[PDB]
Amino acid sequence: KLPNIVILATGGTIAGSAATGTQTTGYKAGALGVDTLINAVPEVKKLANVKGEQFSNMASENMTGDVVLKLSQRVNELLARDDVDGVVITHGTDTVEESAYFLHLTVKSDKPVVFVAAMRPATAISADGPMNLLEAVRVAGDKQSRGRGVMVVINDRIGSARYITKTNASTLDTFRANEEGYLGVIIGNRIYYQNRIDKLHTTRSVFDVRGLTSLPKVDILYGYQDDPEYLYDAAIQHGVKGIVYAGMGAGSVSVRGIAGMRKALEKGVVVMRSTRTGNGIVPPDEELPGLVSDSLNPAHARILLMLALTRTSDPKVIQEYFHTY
């Protein structure tokens, strides 16, 4: 009795095409339909009773929070059904970490939710998408995969949505969680589970988004030498509810950034200090403005802050979410 798996397609390079097999840059993402992906790796049909559903077909640099919200709602609907055992979501690599972390916080099920992506288009020589998709279906259909939070499967690895990130612009092995590792790996058609994330997610999460149609506006500002105050002013003037700061080092702030953050706080904007570095802990520091992002990178911090702002604007409550989610 095969597991029943929905393959929910959103686009991405995994569905991308170019004229020739040697073109691995500058191709069209989000060009092929979900059934074409399935039928390119028909071994998936040995692992599961699969059903393709075309949710969207875009390059992931164009994925937007209002669309991710709809995606989360659709996945929750699917997983409430007795005839669905898990869902695989085909997505672009550029922003999978954002979409996956959003669903990690908002899907109220222990059934597997497995994002899958590809760094080479479907037409490329040695395209990675076929094996990635096979692995993702294997993970989604395995009873041992339940209760693990949302996963991102690619290049034989299983990453937690909370930790995994695209670390390299262009390589197949780009998805890594340097300090936290992988939840598991898939080698020789077998899953090896290594870790369970020690954070709240899915069925233990407070972030209910049923019925919503919009999310709080959050922008991300970079930290660097000579960083300007005017970008703070511009964000404030355009109505942001939060600013995530991709800070120098451990969320450190220049005199110009401090002035911009104090203006934001005066206007009721929540300021969250993360890091541009790529990894590690931004620790509390009562001498600096704003909250701190724990080990969340800027992209992830923005997603959690948007969701936090659906429930509260209390900085103490938001800070505790950042230490527990």
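Position 1 is the first residue in the sequence shown; the rest follow in order. Take the two forms, superpose them, and find the largest set of C-alpha atoms that agree within 1.5 Å; that set is the rigid core.
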key: RMS CA shift, core-fitted in 5 other deposited structures of this protein, bigger for 159 to 167 or for 209 to 217   = 209 to 217
query = Out of 164 to 172 and 208 to 216, which stretch has the higher average CA B-factor listed in the record?
reply = 208 to 216
Higher-scoring stretch by recorded Cα B factor average, 261 to 269 or 65 to 73 = 261 to 269
remark   = When the entry's CA B-factors for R148, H238, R157, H91 are compared, the highest one belongs to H238
query = Quick one: which of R138, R196, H104, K143 has the biggest Cα B-factor according to the entry?
reply = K143
request  = Just say lowest, middle or highest third for the CA B-factor of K111 relative to the other modelled residues in its chain.
outcome  = middle
query = Can you tell me which third, lowest, middle or highest, the CA B-factor of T203 falls into for its chain?
reply = highest
remark   = On the chain's distribution of Cα B-factors, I303 falls within the third called lowest
query = Lowest, middle or highest third of the chain for the C-alpha temperature factor of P283?
reply = middle
ask   = Going by the entry, which third of its chain does the Cα temperature factor of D233 land in?
value = highest
